[PDB]
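Scroll down for the structure; my scribbles are underneath it.
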Amino acid sequence: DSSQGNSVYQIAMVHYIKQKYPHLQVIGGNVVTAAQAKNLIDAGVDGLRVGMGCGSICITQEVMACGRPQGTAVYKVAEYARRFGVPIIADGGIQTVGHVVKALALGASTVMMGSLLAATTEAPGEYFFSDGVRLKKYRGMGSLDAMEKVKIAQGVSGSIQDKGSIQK
Amino acid sequence: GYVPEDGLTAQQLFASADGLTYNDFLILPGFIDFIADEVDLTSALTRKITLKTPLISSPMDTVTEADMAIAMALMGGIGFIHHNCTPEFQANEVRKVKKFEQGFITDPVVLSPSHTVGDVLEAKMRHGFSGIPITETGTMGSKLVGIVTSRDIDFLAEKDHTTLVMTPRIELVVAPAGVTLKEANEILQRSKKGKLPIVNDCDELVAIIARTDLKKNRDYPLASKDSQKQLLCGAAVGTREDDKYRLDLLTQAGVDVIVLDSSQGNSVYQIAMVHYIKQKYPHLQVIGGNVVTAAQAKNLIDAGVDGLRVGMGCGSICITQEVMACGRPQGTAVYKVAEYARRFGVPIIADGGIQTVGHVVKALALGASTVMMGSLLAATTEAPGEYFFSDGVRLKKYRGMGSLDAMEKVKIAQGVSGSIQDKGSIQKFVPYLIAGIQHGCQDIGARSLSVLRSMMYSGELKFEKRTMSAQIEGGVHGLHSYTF
Amino acid sequence: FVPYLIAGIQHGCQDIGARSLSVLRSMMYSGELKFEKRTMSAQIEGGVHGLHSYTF
Amino acid sequence: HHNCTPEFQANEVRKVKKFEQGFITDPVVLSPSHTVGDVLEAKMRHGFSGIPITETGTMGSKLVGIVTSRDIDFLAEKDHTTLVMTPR
Ligand SMILES: NC(=O)c1ccc[n+]([C@@H]2O[C@H](COP(=O)([O-])OP(=O)(O)OC[C@H]3O[C@@H](n4cnc5c(N)ncnc54)[C@H](O)[C@@H]3O)[C@@H](O)[C@H]2O)c1
Ligand SMILES: NC(=O)c1ccc[n+]([C@@H]2O[C@H](COP(=O)([O-])OP(=O)(O)OC[C@H]3O[C@@H](n4cnc5c(N)ncnc54)[C@H](O)[C@@H]3O)[C@@H](O)[C@H]2O)c1
Ligand SMILES: Nc1ncnc2c1ncn2[C@@H]1O[C@H](COP(=O)(O)OP(=O)(O)OP(=O)(O)O)[C@@H](O)[C@H]1O
Ligand SMILES: Nc1ncnc2c1ncn2[C@@H]1O[C@H](COP(=O)(O)OP(=O)(O)OP(=O)(O)O)[C@@H](O)[C@H]1O
Ligand SMILES: Nc1ncnc2c1ncn2[C@@H]1O[C@H](COP(=O)(O)OP(=O)(O)OP(=O)(O)O)[C@@H](O)[C@H]1O
Ligand SMILES: Nc1ncnc2c1ncn2[C@@H]1O[C@H](COP(=O)(O)OP(=O)(O)OP(=O)(O)O)[C@@H](O)[C@H]1O
Ligand SMILES: O=c1[nH]cnc2c1ncn2[C@@H]1O[C@H](COP(=O)(O)O)[C@@H](O)[C@H]1O
Ligand SMILES: O=c1[nH]cnc2c1ncn2[C@@H]1O[C@H](COP(=O)(O)O)[C@@H](O)[C@H]1O
């Protein structure tokens, strides 16, 4: 789990996992370009997580000017990964059903949803009321509220309206 | 080795001839082989002057006087003293920077034995402090004869207005000639006093340390100092014959660098002024501008300037494009002018439009050697003017130099006056900028700003345009109500 | 109001580099006058931005 | 008032009945066996530094000296010595 998965740190960690626990499957990431993907695929990952700054809560592009528009990223990384039989996960930016069908049509094998599955009965934490409606807290893992457990805010903390149950 | 090609080079990004600004593109991430703290921000300001950080305070009357310039120098950068003020005022602001030292008092209040205690109270009421030394004449160049403080005043009723109460020279603890702050710390620890006067071998008063200032001493490793270990100061100057007088006073005040200040720096007036400076003060470094195209840059670089200020109408307050239809989008301008200037070794300053940290990293990746800010560095503790409340929030005035409220002291208004929210102190906020610039360089894969520009020019740094939709998604979206 | 217009037109021609409106058109037709498109973003930045509450 | 314990109310009365103008009421005091850290503890909990020192640590033994913010203010957090005291 990183914002920029093309590091020496992640490649070291992937080699460590594949040499200590060879039964375990490793998804690296996040990557947005094919060169990052190439480094991680040589490191021996079994899948890739694709996305950088498309998240509903993310502000990474505004503070470090780094990322890629998500349709382009999914297409390019998935096209490169397919030459090796590696599936990719289109992670971030999903808000509708059309976004899921679009991401799957561009080559993503699976779709990772944070905000779209948040504020469900199964989501962590507890509901609260504001303005006569049920809300649940939703936050970035590099928001100042999450990373408290000089630091730069990569993400935001906020609210999502109640949704129901995952099984419905 | 094989690296798959993905993205545009900076030359291909700017080859479609759209008017791109900072928000129209993103930098693609690279390979990380180092920690964010290892990123070197060393930066050429001119052909000869190097800063340890790319950040500059704009020469605006609501941004840069001596306190902003001192804070910018101490944090790693530089400030340019504005010129919407008399020639003697501006030279006095430069002198305050050039004669600053940490922990030592600058321009001390001093009195004669013939003053009354009522003058010590008056100095307290106007300046906010009471620990005033006494000297045989009246100020900073004669025998230290004693000290007076608020504890020498306390139990005098206003019935008593006696002449200087004074603890005499025989009683005092003093430093002998010139001290590192460690000998000052060891004296003020062992003496329990609130002031340490510094004298000469002939016992003139030459400086003071306050205990309050010495307790607030800190490391400034990026101090941005000249060869005689004094802080660097710049100053702004116009291109009229009246400016030849400022240029002498600012030279006498010890200014390190001049920025010639215009909206369109490719004039006969500015070229004349640059030739005048380089022929009268050949030790002085001159930044011309503002320019947005390479032809302007060529004229100024033949005129002999040492740096270029790049920007026209991107400023937060500027309305120059709406009234004269002249300018350029700032990303394009920075790229083109910097590409031309690099053929001659001239650094450029990406001036205007900066609002975020991504804008700083984007401007540096496009070839700018330093970034100049008005609005980001405005409304701070060190910014000129004073605050004022409105609807329950501390706001400070921020006027562009070509606004009718700036040119008061038929004219076409090219600027706008406005207000910013309170921000804090330069010594707390410039580290946030430095930390974000270093993390952005680490995500890009550059271990220094020099290597960043070298990767951009060789096509290793890749880019990516953004539609409107991609700028929307790159923000915050989908949330019911978020908070920063 | 017309003098304000005339003064702004004259200052714009002076920033462009044309000593008359005839010379302006002559520079445009011969390719000496150069231009530059603007994205939406560049039109936004060419306005007033970032301030809390400005005034004209 | 009496919406408080009997001992709290008697302590509020005793504060009034033992007040005197200009003199300090219920002074903070320390022993020579306290650390300089206890002066900092007394500060950020009460708001003052000028704390006298005595053999029993309160209002009832030889005044052995005083400790004050200018006795503390050039120590780093590296130093937590026992009581820097200006002596009797
Ligand atoms: N949209 C995104 O892709 C995105 C953007 C920002 C943050 N995040 C999320 O925020 C959370 C925090 O991750 P992160 O993005 O801060 O990256 P991270 O926590 O992996 O790394 C943060 C910093 O620590 C450094 N680091 C990591 N391992 C190191 C090691 N062994 N030695 C030295 N330095 C090391 C990195 O180089 C980087 O400077 C994660 O949940 C991540 O997914 C995601
Ligand atoms: N960079 C920008 O986008 C921008 C835009 C507008 C204004 N400004 C700022 O406004 C302030 C005022 O400068 P300015 O832009 O009005 O340009 P300026 O003050 O240099 O010149 C204003 C006018 O006087 C003329 N002039 C200058 N020197 C002259 C001389 N010696 N003899 C005759 N005429 C002369 C110019 O040609 C122009 O018509 C500066 O701080 C400037 O940076 C900046
Ligand atoms: N004589 C002086 N001339 C100029 N600045 C001074 C002078 N004395 C104090 N200052 C400055 O004023 C600020 C407060 O200083 P200090 O704490 O020593 O106040 P003081 O002189 O003892 O006044 P007061 O009795 O009101 O507390 C410090 O930044 C200090 O450097
Ligand atoms: N360097 C010194 N050498 C000797 N005596 C000094 C010196 N500096 C100050 N004094 C004297 O010590 C006494 C206290 O002054 P000091 O500056 O130390 O505290 P102060 O700022 O007046 O105290 P306070 O903060 O309570 O108002 C005064 O009588 C003053 O004249
Ligand atoms: N030892 C103490 N015990 C109780 N009250 C005290 C004590 N010392 C000071 N005070 C009270 O605290 C208030 C501030 O006192 P003073 O100006 O002397 O502060 P101080 O002791 O010098 O602390 P500081 O170093 O923060 O200035 C006064 O009302 C005073 O009576
Ligand atoms: N009654 C006293 N007799 C002798 N020395 C004292 C006495 N009261 C305080 N001191 C000593 O004098 C020095 C200054 O203490 P003082 O209370 O006057 O100032 P402070 O509270 O430490 O500093 P400041 O008032 O500037 O905040 C300290 O070293 C202290 O121990
Ligand atoms: O604080 C954060 N900053 C940056 N990205 C985050 C943060 N927390 C989570 N993310 C990313 O956001 C994705 C979810 O996107 P979302 O469903 O659009 O909200 C996650 O899978 C992460 O890649
Ligand atoms: O009133 C004005 N009109 C036009 N441009 C100005 C004015 N005042 C300052 N500038 C420019 O705006 C820059 C600051 O841009 P900002 O930080 O985005 O507000 C300065 O360095 C100048 O180049």
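The way I read the labels, and the way they are meant: chains A, B, ... in the order of the structure tokens, residue 1 as the first residue of every chain, and ligand 1 as the first ligand shown, with later ones counted on from there.
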
Kindly work out which residues sit at most 9 Å from ligand 2, using only C-alpha atoms and all ligand atoms, and give the list as a PyMOL selection string. (chain B and resi 59-60+82-84+236-242+260-265+267-270+272-273+289-291+309-315+318-321+327+351-352+400-403+406-407+413-415) or (chain C and resi 11+14-15)

Could you name the residues that touch residue B:198 at 12 Å or less, counting only C-alpha atoms, but leaving out those on the same chain fewer than 3 positions away, as an mmCIF file with N, CA, C and O atoms, in the first residue's frame?
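Full text of around-v8.cif as output:
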data_model
loop_
_atom_site.group_PDB
_atom_site.id
_atom_site.type_symbol
_atom_site.label_atom_id
_atom_site.label_comp_id
_atom_site.auth_asym_id
_atom_site.auth_seq_id
_atom_site.Cartn_x
_atom_site.Cartn_y
_atom_site.Cartn_z
ATOM 1 N N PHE B 104 21.070 39.617 18.536
ATOM 2 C CA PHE B 104 21.374 41.038 18.659
ATOM 3 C C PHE B 104 20.169 41.912 18.299
ATOM 4 O O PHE B 104 19.385 41.593 17.409
ATOM 5 N N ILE B 105 20.028 43.044 18.981
ATOM 6 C CA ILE B 105 19.016 44.060 18.687
ATOM 7 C C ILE B 105 19.476 44.904 17.492
ATOM 8 O O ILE B 105 20.635 45.314 17.432
ATOM 9 N N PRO B 108 18.847 50.013 18.162
ATOM 10 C CA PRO B 108 18.420 50.125 19.548
ATOM 11 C C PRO B 108 17.944 51.529 19.932
ATOM 12 O O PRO B 108 18.532 52.532 19.523
ATOM 13 N N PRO B 133 19.377 51.527 27.305
ATOM 14 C CA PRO B 133 20.672 51.971 27.795
ATOM 15 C C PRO B 133 20.817 53.490 27.695
ATOM 16 O O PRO B 133 20.141 54.160 26.913
ATOM 17 N N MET B 140 24.265 55.023 20.258
ATOM 18 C CA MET B 140 25.057 54.042 19.484
ATOM 19 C C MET B 140 26.433 54.487 18.946
ATOM 20 O O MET B 140 26.782 54.215 17.796
ATOM 21 N N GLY B 141 27.231 55.182 19.755
ATOM 22 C CA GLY B 141 28.520 55.728 19.307
ATOM 23 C C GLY B 141 29.258 56.564 20.352
ATOM 24 O O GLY B 141 29.950 57.524 20.021
ATOM 25 N N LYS B 143 30.299 56.571 25.077
ATOM 26 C CA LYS B 143 30.434 55.831 26.340
ATOM 27 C C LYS B 143 29.082 55.346 26.861
ATOM 28 O O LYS B 143 28.163 56.149 27.027
ATOM 29 N N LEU B 144 28.940 54.051 27.114
ATOM 30 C CA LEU B 144 27.809 53.508 27.865
ATOM 31 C C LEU B 144 27.948 53.961 29.325
ATOM 32 O O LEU B 144 28.922 53.598 29.978
ATOM 33 N N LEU B 172 27.245 47.373 35.643
ATOM 34 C CA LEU B 172 26.770 46.588 34.496
ATOM 35 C C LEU B 172 27.585 45.324 34.201
ATOM 36 O O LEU B 172 28.799 45.299 34.406
ATOM 37 N N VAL B 173 26.945 44.319 33.600
ATOM 38 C CA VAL B 173 27.631 43.257 32.842
ATOM 39 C C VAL B 173 27.523 43.560 31.351
ATOM 40 O O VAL B 173 26.449 43.894 30.863
ATOM 41 N N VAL B 174 28.641 43.469 30.628
ATOM 42 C CA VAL B 174 28.758 43.837 29.207
ATOM 43 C C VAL B 174 29.660 42.852 28.462
ATOM 44 O O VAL B 174 30.567 42.263 29.055
ATOM 45 N N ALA B 175 29.440 42.678 27.158
ATOM 46 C CA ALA B 175 30.341 41.936 26.277
ATOM 47 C C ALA B 175 31.401 42.868 25.643
ATOM 48 O O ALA B 175 31.107 44.040 25.389
ATOM 49 N N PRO B 176 32.629 42.383 25.377
ATOM 50 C CA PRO B 176 33.796 43.259 25.258
ATOM 51 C C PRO B 176 34.000 43.940 23.894
ATOM 52 O O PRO B 176 34.541 45.045 23.864
ATOM 53 N N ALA B 177 33.642 43.283 22.781
ATOM 54 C CA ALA B 177 33.947 43.761 21.421
ATOM 55 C C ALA B 177 33.082 43.109 20.328
ATOM 56 O O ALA B 177 32.449 43.805 19.537
ATOM 57 N N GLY B 178 33.025 41.775 20.285
ATOM 58 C CA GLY B 178 32.122 41.028 19.414
ATOM 59 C C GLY B 178 32.150 39.556 19.798
ATOM 60 O O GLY B 178 33.225 38.985 19.979
ATOM 61 N N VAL B 179 30.980 38.950 19.981
ATOM 62 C CA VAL B 179 30.845 37.619 20.591
ATOM 63 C C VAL B 179 30.031 36.676 19.723
ATOM 64 O O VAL B 179 29.015 37.065 19.145
ATOM 65 N N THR B 180 30.436 35.406 19.665
ATOM 66 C CA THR B 180 29.508 34.353 19.239
ATOM 67 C C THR B 180 28.414 34.213 20.300
ATOM 68 O O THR B 180 28.668 34.423 21.490
ATOM 69 N N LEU B 181 27.188 33.857 19.909
ATOM 70 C CA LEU B 181 26.050 33.792 20.830
ATOM 71 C C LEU B 181 26.247 32.802 21.988
ATOM 72 O O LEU B 181 25.478 32.848 22.946
ATOM 73 N N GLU B 183 29.089 32.765 24.013
ATOM 74 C CA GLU B 183 29.593 33.594 25.102
ATOM 75 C C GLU B 183 28.498 34.494 25.651
ATOM 76 O O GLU B 183 28.411 34.717 26.866
ATOM 77 N N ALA B 184 27.573 34.960 24.801
ATOM 78 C CA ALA B 184 26.396 35.695 25.255
ATOM 79 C C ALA B 184 25.457 34.829 26.116
ATOM 80 O O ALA B 184 24.989 35.287 27.155
ATOM 81 N N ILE B 187 27.150 34.332 29.571
ATOM 82 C CA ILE B 187 26.980 35.552 30.369
ATOM 83 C C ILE B 187 25.534 35.704 30.852
ATOM 84 O O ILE B 187 25.314 35.899 32.044
ATOM 85 N N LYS B 195 19.236 42.386 29.846
ATOM 86 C CA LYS B 195 20.003 42.971 28.736
ATOM 87 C C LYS B 195 21.481 42.651 28.889
ATOM 88 O O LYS B 195 21.992 42.632 30.001
ATOM 89 N N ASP B 201 36.476 48.550 22.703
ATOM 90 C CA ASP B 201 37.702 48.685 23.481
ATOM 91 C C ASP B 201 37.885 50.107 23.986
ATOM 92 O O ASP B 201 38.598 50.331 24.970
ATOM 93 N N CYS B 202 37.270 51.078 23.322
ATOM 94 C CA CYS B 202 37.164 52.424 23.863
ATOM 95 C C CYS B 202 35.829 52.661 24.557
ATOM 96 O O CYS B 202 35.549 53.793 24.966
ATOM 97 N N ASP B 203 35.037 51.624 24.830
ATOM 98 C CA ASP B 203 33.791 51.660 25.606
ATOM 99 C C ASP B 203 32.620 52.430 24.961
ATOM 100 O O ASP B 203 31.647 52.753 25.642
ATOM 101 N N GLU B 204 32.630 52.699 23.659
ATOM 102 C CA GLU B 204 31.379 53.046 22.988
ATOM 103 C C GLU B 204 30.372 51.895 23.110
ATOM 104 O O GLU B 204 30.753 50.732 22.998
ATOM 105 N N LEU B 205 29.083 52.196 23.272
ATOM 106 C CA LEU B 205 28.026 51.215 23.033
ATOM 107 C C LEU B 205 27.967 50.892 21.537
ATOM 108 O O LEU B 205 27.772 51.806 20.736
ATOM 109 N N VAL B 206 28.094 49.616 21.155
ATOM 110 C CA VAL B 206 28.035 49.190 19.743
ATOM 111 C C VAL B 206 26.848 48.290 19.414
ATOM 112 O O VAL B 206 26.368 48.335 18.284
ATOM 113 N N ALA B 207 26.337 47.503 20.362
ATOM 114 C CA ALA B 207 25.168 46.640 20.164
ATOM 115 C C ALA B 207 24.530 46.245 21.502
ATOM 116 O O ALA B 207 25.093 46.497 22.559
ATOM 117 N N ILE B 208 23.366 45.603 21.475
ATOM 118 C CA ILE B 208 22.711 45.037 22.659
ATOM 119 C C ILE B 208 22.209 43.638 22.315
ATOM 120 O O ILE B 208 21.762 43.410 21.196
ATOM 121 N N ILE B 209 22.219 42.712 23.264
ATOM 122 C CA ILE B 209 21.406 41.496 23.216
ATOM 123 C C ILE B 209 20.309 41.603 24.275
ATOM 124 O O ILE B 209 20.589 41.913 25.430
ATOM 125 N N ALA B 210 19.056 41.346 23.906
ATOM 126 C CA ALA B 210 17.991 41.117 24.874
ATOM 127 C C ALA B 210 17.950 39.643 25.285
ATOM 128 O O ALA B 210 18.075 38.754 24.443
#

Which residue of D:29, D:36, D:51, D:4 approaches ligand 6 most closely, using only C-alpha atoms and all ligand atoms: D:51

Could you please write out, as a ChimeraX atom specification, every residue of stretch 38-286 of chain B that DSSP assigns to strand (DSSP E or B)? /B:40,43-44,50-51,55-57,78-81,104,111,116,132-135,143-148,163,167-168,175,195-199,204-210,225,231,234-237,257-260,285-286

Ligand 7: which residues are within 6 Å, counting only C-alpha atoms and all ligand atoms? Reply as a list in words.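 Those residues are residues 55, 56, 57, 58, 91, 92, 93, 94, 113, 114, 115, 116, 140, 141, 142, 143, 154 and 155 of chain A.
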
Against ligand 5, which residues of chain D fall within 8 Å? For each one I want the closest pair of atoms and the distance in Å (one decimal), counting only C-alpha atoms and all ligand atoms, rows by chain and increasing residue number, as CSV.
residue,atom,partner,partner_atom_place_in_ligand_line,distance
D:22,CA,ligand 5,31 (O),7.7
D:23,CA,ligand 5,31 (O),7.3
D:24,CA,ligand 5,31 (O),5.2
D:25,CA,ligand 5,4 (C),6.8
D:26,CA,ligand 5,4 (C),6.3
D:27,CA,ligand 5,3 (N),3.6
D:28,CA,ligand 5,3 (N),3.9
D:29,CA,ligand 5,1 (N),6.1
D:43,CA,ligand 5,26 (O),6.8
D:46,CA,ligand 5,5 (N),7.9
D:47,CA,ligand 5,26 (O),5.8
D:48,CA,ligand 5,23 (O),3.2
D:49,CA,ligand 5,23 (O),3.9
D:50,CA,ligand 5,21 (O),3.5
D:51,CA,ligand 5,1 (N),4.0
D:52,CA,ligand 5,1 (N),6.4
D:68,CA,ligand 5,25 (O),6.2
D:69,CA,ligand 5,25 (O),4.6
D:70,CA,ligand 5,25 (O),7.6

Can I get the selected residues back with N, CA and C atoms, as an mmCIF file, in the first residue's frame?
data_model
loop_
_atom_site.group_PDB
_atom_site.id
_atom_site.type_symbol
_atom_site.label_atom_id
_atom_site.label_comp_id
_atom_site.auth_asym_id
_atom_site.auth_seq_id
_atom_site.Cartn_x
_atom_site.Cartn_y
_atom_site.Cartn_z
ATOM 1 N N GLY D 22 -1.999 42.632 48.732
ATOM 2 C CA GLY D 22 -0.607 42.627 48.252
ATOM 3 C C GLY D 22 0.187 41.351 48.573
ATOM 4 N N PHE D 23 -0.026 40.754 49.744
ATOM 5 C CA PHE D 23 0.511 39.445 50.103
ATOM 6 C C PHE D 23 -0.083 38.328 49.235
ATOM 7 N N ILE D 24 0.703 37.286 48.976
ATOM 8 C CA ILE D 24 0.253 36.082 48.275
ATOM 9 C C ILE D 24 -0.546 35.205 49.246
ATOM 10 N N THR D 25 -1.656 34.628 48.785
ATOM 11 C CA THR D 25 -2.474 33.655 49.532
ATOM 12 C C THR D 25 -2.237 32.238 49.008
ATOM 13 N N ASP D 26 -2.035 31.273 49.904
ATOM 14 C CA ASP D 26 -1.661 29.882 49.584
ATOM 15 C C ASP D 26 -0.462 29.773 48.616
ATOM 16 N N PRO D 27 0.746 30.211 49.019
ATOM 17 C CA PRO D 27 1.887 30.215 48.119
ATOM 18 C C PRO D 27 2.324 28.809 47.698
ATOM 19 N N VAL D 28 2.701 28.643 46.432
ATOM 20 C CA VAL D 28 3.360 27.425 45.951
ATOM 21 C C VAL D 28 4.809 27.438 46.428
ATOM 22 N N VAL D 29 5.284 26.305 46.939
ATOM 23 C CA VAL D 29 6.612 26.127 47.543
ATOM 24 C C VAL D 29 7.140 24.740 47.158
ATOM 25 N N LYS D 43 4.366 25.808 36.854
ATOM 26 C CA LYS D 43 4.113 26.915 35.938
ATOM 27 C C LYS D 43 2.903 26.629 35.063
ATOM 28 N N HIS D 46 -0.274 26.500 37.039
ATOM 29 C CA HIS D 46 -0.702 27.705 37.762
ATOM 30 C C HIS D 46 -0.428 28.993 36.987
ATOM 31 N N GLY D 47 0.753 29.151 36.364
ATOM 32 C CA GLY D 47 1.007 30.283 35.496
ATOM 33 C C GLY D 47 2.133 31.177 35.956
ATOM 34 N N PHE D 48 2.916 30.767 36.950
ATOM 35 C CA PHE D 48 3.993 31.558 37.546
ATOM 36 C C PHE D 48 5.215 30.692 37.863
ATOM 37 N N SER D 49 6.381 31.295 38.086
ATOM 38 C CA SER D 49 7.653 30.584 38.279
ATOM 39 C C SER D 49 8.365 30.889 39.594
ATOM 40 N N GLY D 50 8.059 31.995 40.278
ATOM 41 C CA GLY D 50 8.833 32.446 41.431
ATOM 42 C C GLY D 50 8.490 31.726 42.723
ATOM 43 N N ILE D 51 9.014 30.521 42.877
ATOM 44 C CA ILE D 51 8.625 29.567 43.905
ATOM 45 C C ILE D 51 9.764 29.459 44.928
ATOM 46 N N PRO D 52 9.544 29.814 46.206
ATOM 47 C CA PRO D 52 10.565 29.683 47.228
ATOM 48 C C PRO D 52 10.789 28.218 47.598
ATOM 49 N N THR D 68 13.212 30.487 40.188
ATOM 50 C CA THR D 68 12.464 31.473 39.403
ATOM 51 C C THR D 68 12.722 31.265 37.918
ATOM 52 N N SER D 69 11.947 31.850 37.014
ATOM 53 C CA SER D 69 12.137 31.636 35.584
ATOM 54 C C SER D 69 13.545 31.989 35.107
ATOM 55 N N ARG D 70 14.217 33.041 35.595
ATOM 56 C CA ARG D 70 15.627 33.292 35.217
ATOM 57 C C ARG D 70 16.649 32.354 35.861
#

Could you give me, as a Markdown table, a per-residue list for chain B showing, wherever an atom lies at most 12 Å from an atom of chain D, the closest pair of atoms and their distance in Å to one decimal, using only C-alpha atoms and sorting by chain then residue number from low to high?
| residue | atom | partner | partner_atom | distance |
| --- | --- | --- | --- | --- |
| B:182 | CA | D:74 | CA | 11.4 |
| B:184 | CA | D:74 | CA | 11.4 |
| B:185 | CA | D:74 | CA | 7.7 |
| B:186 | CA | D:74 | CA | 9.0 |
| B:187 | CA | D:74 | CA | 10.8 |
| B:188 | CA | D:74 | CA | 8.5 |
| B:189 | CA | D:74 | CA | 6.0 |
| B:190 | CA | D:71 | CA | 9.1 |
| B:191 | CA | D:70 | CA | 9.4 |
| B:192 | CA | D:70 | CA | 5.8 |
| B:193 | CA | D:70 | CA | 8.3 |
| B:194 | CA | D:70 | CA | 9.0 |
| B:211 | CA | D:70 | CA | 9.6 |
| B:212 | CA | D:73 | CA | 10.1 |
| B:214 | CA | D:74 | CA | 9.5 |
| B:215 | CA | D:74 | CA | 7.2 |
| B:216 | CA | D:74 | CA | 10.5 |
| B:217 | CA | D:74 | CA | 11.1 |

Keeping C-alpha atoms for every residue in the selection just given, could you write it to a file as a PDB file, in the first residue's frame?
ATOM      1  CA  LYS B 182      27.572  31.068  23.094  1.00  0.00           C
ATOM      2  CA  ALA B 184      26.396  35.695  25.255  1.00  0.00           C
ATOM      3  CA  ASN B 185      24.408  32.623  26.502  1.00  0.00           C
ATOM      4  CA  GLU B 186      27.055  31.890  29.177  1.00  0.00           C
ATOM      5  CA  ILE B 187      26.980  35.552  30.369  1.00  0.00           C
ATOM      6  CA  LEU B 188      23.136  35.844  30.422  1.00  0.00           C
ATOM      7  CA  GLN B 189      22.800  32.409  32.130  1.00  0.00           C
ATOM      8  CA  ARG B 190      25.330  33.340  34.903  1.00  0.00           C
ATOM      9  CA  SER B 191      24.256  37.034  35.299  1.00  0.00           C
ATOM     10  CA  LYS B 192      20.389  36.626  35.485  1.00  0.00           C
ATOM     11  CA  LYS B 193      20.054  40.096  33.722  1.00  0.00           C
ATOM     12  CA  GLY B 194      17.503  41.066  30.995  1.00  0.00           C
ATOM     13  CA  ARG B 211      17.470  37.990  27.044  1.00  0.00           C
ATOM     14  CA  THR B 212      14.076  37.555  25.276  1.00  0.00           C
ATOM     15  CA  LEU B 214      18.557  35.216  23.019  1.00  0.00           C
ATOM     16  CA  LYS B 215      16.073  32.659  24.520  1.00  0.00           C
ATOM     17  CA  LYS B 216      14.423  32.535  21.023  1.00  0.00           C
ATOM     18  CA  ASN B 217      17.780  31.799  19.246  1.00  0.00           C
TER      19      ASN B 217
END

Each residue of chain B with at least one atom at most 9 Å from ligand 1 should appear once, together with its nearest atom pair and the corresponding distance in Å (one decimal); atoms considered: only C-alpha atoms and all ligand atoms; ordering: chain, then increasing residue number; output as JSON lines.
{"residue": "B:32", "atom": "CA", "partner": "ligand 1", "partner_atom_place_in_ligand_line": "37 (O)", "distance": 6.7}
{"residue": "B:33", "atom": "CA", "partner": "ligand 1", "partner_atom_place_in_ligand_line": "37 (O)", "distance": 8.0}
{"residue": "B:34", "atom": "CA", "partner": "ligand 1", "partner_atom_place_in_ligand_line": "37 (O)", "distance": 7.1}
{"residue": "B:35", "atom": "CA", "partner": "ligand 1", "partner_atom_place_in_ligand_line": "37 (O)", "distance": 5.5}
{"residue": "B:36", "atom": "CA", "partner": "ligand 1", "partner_atom_place_in_ligand_line": "39 (O)", "distance": 5.4}
{"residue": "B:37", "atom": "CA", "partner": "ligand 1", "partner_atom_place_in_ligand_line": "39 (O)", "distance": 8.6}
{"residue": "B:439", "atom": "CA", "partner": "ligand 1", "partner_atom_place_in_ligand_line": "39 (O)", "distance": 6.6}
{"residue": "B:442", "atom": "CA", "partner": "ligand 1", "partner_atom_place_in_ligand_line": "39 (O)", "distance": 6.9}
{"residue": "B:443", "atom": "CA", "partner": "ligand 1", "partner_atom_place_in_ligand_line": "39 (O)", "distance": 7.7}

Writer output for current selection, N, CA and C atoms, as a short mmCIF file (atom, residue, chain, number, x, y, z; two decimals), in the first residue's frame:
data_model
loop_
_atom_site.label_atom_id
_atom_site.label_comp_id
_atom_site.auth_asym_id
_atom_site.auth_seq_id
_atom_site.Cartn_x
_atom_site.Cartn_y
_atom_site.Cartn_z
N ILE B 32 11.75 5.90 -7.32
CA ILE B 32 12.20 6.43 -6.03
C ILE B 32 13.34 5.58 -5.49
N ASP B 33 14.46 6.22 -5.21
CA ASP B 33 15.73 5.59 -4.83
C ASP B 33 16.39 6.32 -3.63
N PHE B 34 15.67 7.24 -2.99
CA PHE B 34 16.13 8.19 -1.98
C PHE B 34 14.94 8.68 -1.14
N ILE B 35 15.15 9.20 0.07
CA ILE B 35 14.07 9.75 0.91
C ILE B 35 13.80 11.23 0.60
N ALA B 36 12.61 11.74 0.92
CA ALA B 36 12.23 13.11 0.54
C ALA B 36 13.16 14.17 1.14
N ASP B 37 13.64 13.97 2.37
CA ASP B 37 14.60 14.84 3.03
C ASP B 37 15.94 14.97 2.30
N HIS B 439 8.85 16.44 -1.22
CA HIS B 439 8.01 15.27 -1.48
C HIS B 439 7.57 15.18 -2.94
N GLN B 442 10.59 13.93 -4.84
CA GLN B 442 10.74 12.51 -4.54
C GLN B 442 9.75 11.66 -5.33
N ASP B 443 8.49 12.06 -5.46
CA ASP B 443 7.52 11.31 -6.26
C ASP B 443 7.88 11.36 -7.74
#
